[PDB]
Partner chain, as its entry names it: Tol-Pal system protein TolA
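Have a look below at one chain only, the form solved without the partner chain, in structure tokens format.
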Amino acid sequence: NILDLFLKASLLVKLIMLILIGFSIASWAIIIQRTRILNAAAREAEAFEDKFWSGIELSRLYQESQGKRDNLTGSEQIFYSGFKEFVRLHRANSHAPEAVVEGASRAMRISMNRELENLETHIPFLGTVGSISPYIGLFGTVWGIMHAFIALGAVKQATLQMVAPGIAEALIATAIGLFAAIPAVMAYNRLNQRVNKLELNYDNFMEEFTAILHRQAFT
């Protein structure tokens, strides 16, 4: 049925179907890859927030973080970036108690930007697929229907029997286009929402730690 129509198609229709099949495969692979990373990031963030609010001294936390060298991810990195700069400035620039807070905030911001850039890779491709596929299907269908009109115009009379085959091979392309297009929008929206939640959590933690440092500096 469908295989016969695929075989009977010309070269342009075959190419325009293969493009969409490849697009669908790539989209599914991207979704499967990204979900696990987002889940792991969420779990690590929650665990570290609980550990930080447990009530252990900050020197012990810094020692434990240094025990893992520079291989840190998520909020652990931010807490490592600020505390390193703060202690460095307090030794030298003891005169100005306001510059240390600016240094700590500047150190935290760059790190946070780096993790947020890391998390959101390969996402806009799904939006491109979901915004482009239907037009490709429409172009294929228009080509097929125009060919059908040209073929029909030759004879002075024809029934539905000799115009039936064109319809199925015309609609196959748009069916495949919709099938490829549907899941991309859902994946796009869900992944964007998860990234936003992580971003707000990071911002809240950064502001809390900056407040603690500001209280400690002016004494």
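Rigid core here is just the name for the largest C-alpha set that superposes within 1.5 Å across the two forms. Shifts are known only where both forms have a C-alpha. Numbering follows the first chain given and starts at 1.
One more form of this protein, solved in complex with the partner chain, exists but is not displayed; see below.
- Think of it this way: in the deposited complex, the partner chain has a heavy atom of just one of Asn39, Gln33, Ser54, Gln63 within 4.5 Å, and the residue is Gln33.
- Put simply, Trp28 is close to the partner chain in the deposited complex: some heavy atom of it is within 4.5 Å.
- Using a 4.5 angstroms limit between non-hydrogen atoms, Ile21 touches the partner chain in the deposited complex.
- The partner chain is not drawn, but in the deposited complex it has a heavy atom within 4.5 Å of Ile2.
- Applying a 4.5 Å heavy atom cutoff to the partner chain in the deposited complex picks out no residue from 59 to 78.
- For the residue set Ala40, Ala175, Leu160, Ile32, core-aligned C-alpha shifts between this form and the one not shown reach 2 angstroms or more at a single site, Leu160.
- Positional change of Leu61 between this form and the one not shown stays under 2 Å at the C-alpha, relative to the superposed core.
- Where the rigid core is used as the reference frame, consecutive stretches of 3+ residues with C-alpha displacements of 2 Å or more between this form and the one not shown occur at 1 to 5, 148 to 164.
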